[PDB]
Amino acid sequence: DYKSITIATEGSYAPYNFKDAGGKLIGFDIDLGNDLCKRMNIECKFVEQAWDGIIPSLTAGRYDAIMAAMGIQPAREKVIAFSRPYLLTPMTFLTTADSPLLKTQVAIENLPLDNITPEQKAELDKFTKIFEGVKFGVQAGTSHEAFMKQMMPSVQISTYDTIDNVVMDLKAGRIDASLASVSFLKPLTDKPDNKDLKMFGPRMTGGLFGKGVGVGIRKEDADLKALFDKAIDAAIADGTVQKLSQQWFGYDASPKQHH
């Protein structure tokens, strides 16, 4: 049943995991991680780890789990295991409030990508054509990068160490647009600080975006995955995930029972 675990997080992806005024790690991932460990009867310790290297540091045994807004993504499933999802959110585009990209008609509001029908492909092709000549920025090593490189290869993309640097460059006009989850973009654009930023386009799920946010765990740690899965099911069931989601995101992005 374990006694103590070390959970890695990035600390540059608000409101999932970031730093407070005193430099302490805070956010939905921290609050949920602490709640889950309390249910598992395990001592919880959060450590900071750069996004670039967070998966090989887990497999190298530098810590026991990852809670860092990490999507349960098929490429990642080849390397590590995941808990069942603790948050579910679609992906959408981001630009500035004065951008002509905002006027683009969205033919498909909710776009599931596990299977891409010709109709869905025509919508993706439309946005690809509109974005040719638009400078995109994404955080390196994300499903956002994977989507742009696989689904929109003709679009110029710049990759960044952190999403904070993406946002800085979008505000400065060094890039024209970005891509991230609604769970990241809604709290970002809700801030009065970011009235100059707007979400737009289809809300996409599945495909290379994966099956929701999960706890990253080594494949051989089957018992640790079982403990997390039981704790997450209980935290969803009693409304804890919904409560924390409302607190950090300003809305309910918690998953539903029976999957």
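Residues carry their position along the shown sequence, with the first being 1.
Mean CA B-factor, 210-218 versus 32-40: the higher value falls on 32-40. The stretch 167-175 shows the higher mean C-alpha B-factor when 137-145 is compared against 167-175 in the entry. Per-chain ranking of the deposited C-alpha B factor places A60 in the middle third.
Remark: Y16 belongs to the lowest third of its chain, ranked by C-alpha B-factor as recorded. Split the chain's modelled residues into thirds by C-alpha temperature factor. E132 is in the highest one.
Placement of the Cα temperature factor of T159 within the chain: lowest third of the modelled residues, per the deposited record.
Per the PDB record, residue ranking by Cα B-factor puts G201 in the lowest third of the chain.
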